[PDB]
Structure formats: C-alpha cells, structure tokens
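Quick note: residue numbers are just sequence positions, from 1. These values consider heavy atoms only, across backbone and side chains, with no hydrogens, waters or symmetry-generated copies.
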Amino acid sequence: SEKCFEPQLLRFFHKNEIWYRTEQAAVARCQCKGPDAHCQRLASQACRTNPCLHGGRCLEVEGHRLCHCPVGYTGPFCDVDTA
C-alpha cells in the first residue's frame with residue numbers, strides 16, 4: 001500500500017491513482033503501483049494558444065493543456081514561483 005511520489009506535482013498518489021507527467025516532448029500517463037509508477041508515453045500536440053508562462057511548453061492530450069515548465073517555475077501555468 002506504498003504510495004507513489006510525483007516530483008513534478010510535489011504530490012503523493014495512492015495505489016491505482018492516475019496522473020500526467022510531462023517531458024519537453026511529450027506527455028506520459030502514469031498509474032501508481034506503489035512505490036513505483038507505471039507510465040505510458042503519449043503523443044501530444046501543441047496548443048494553439050499557449051497559456052504557459054515564462055517559456056513553458058504547452059502540450060495537449062485528451063484536448064487538455066499541460067505546461068512543461070522551465071526551472072524556477074511550476075504550477076498549472078508555470079505561474080508559481082519556486083523562489
């Protein structure tokens with residue numbers, strides 16, 4: 001019943017929970033086994049409009065827009081300062 005830690009989200013997930021993890025290109029969908037996650041890399045597309053701040057790359061999967069943030073920023077839109 002160990003949980004899985006996702007550093008991109010600073011969040012622990014329970015067994016069977018599912019979340020997205022970004023790379024520069026592209027996105028992966030992860031499910032917690034505990035403590036390890038099993039992830040599947042998905043083909044994503046670029047968002048037409050980019051809501052990501054500070055150089056974030058916007059990746060679209062399930063029509064849903066994710067931001068791959070640069071160092072110094074995090075959050076849904078690279079809007080949370082890490083410093």
If hydrophobic clusters are built by linking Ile, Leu, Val, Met, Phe, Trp and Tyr wherever their side-chain heavy atoms come under 4.5 Å apart, do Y73 and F77 end up in the same one? no
SG to SG below 2.5 angstrom is the rule I want applied to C58 and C47. Does it hold? yes
Is the gap between the SG atoms of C67 and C52 under 2.5 Å? yes
Closest heavy-atom pair and its distance - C32, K3: SG-C, 4.1 Å
Closest heavy-atom contact between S44 and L59? OG-CD2, 3.5 Å
Check: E6 side chain, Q8 main-chain N or O, donor-acceptor pair, under 3.5 Å: yes
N50 side chain vs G56 backbone, donor-acceptor pair below 3.5 Å: yes
Is the CZ atom of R57 crowded by more than 12 outside heavy atoms at less than 6.0 Å? no
How many angstroms lie between CD in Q31 and CG in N16, if you round to the nearest 0.5 Å? 5.5 Å
Interatomic distance, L53 atom CG to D79 atom CG [nearest 0.5 angstrom]: 4.5 Å
Pair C4-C30, disulfide bond (SG atoms under 2.5 Å apart): steps then yes or no: CA-CA 10 Å; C4 301; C30 297; over 6 Å; no
Would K33 and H38 count as having a side-chain donor-acceptor pair, cut-off 3.5 Å? yes
Would you please classify the geometry between the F12 ring and the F5 ring as parallel, tilted or perpendicular, with 30° and 60° separating the classes? tilted
Chi angles and distances behind the salt bridge (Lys or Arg N to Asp or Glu O under 4.0 Å) call for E17, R11: CA-CA 12 Å; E17 285 199 275; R11 156 167 188 200; 3.8 Å; yes
Is any side-chain heavy atom of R48 closer than 4.5 Å to a side-chain heavy atom of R65? yes
Salt bridge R41-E23, side-chain N to carboxylate O under 4.0 Å: yes
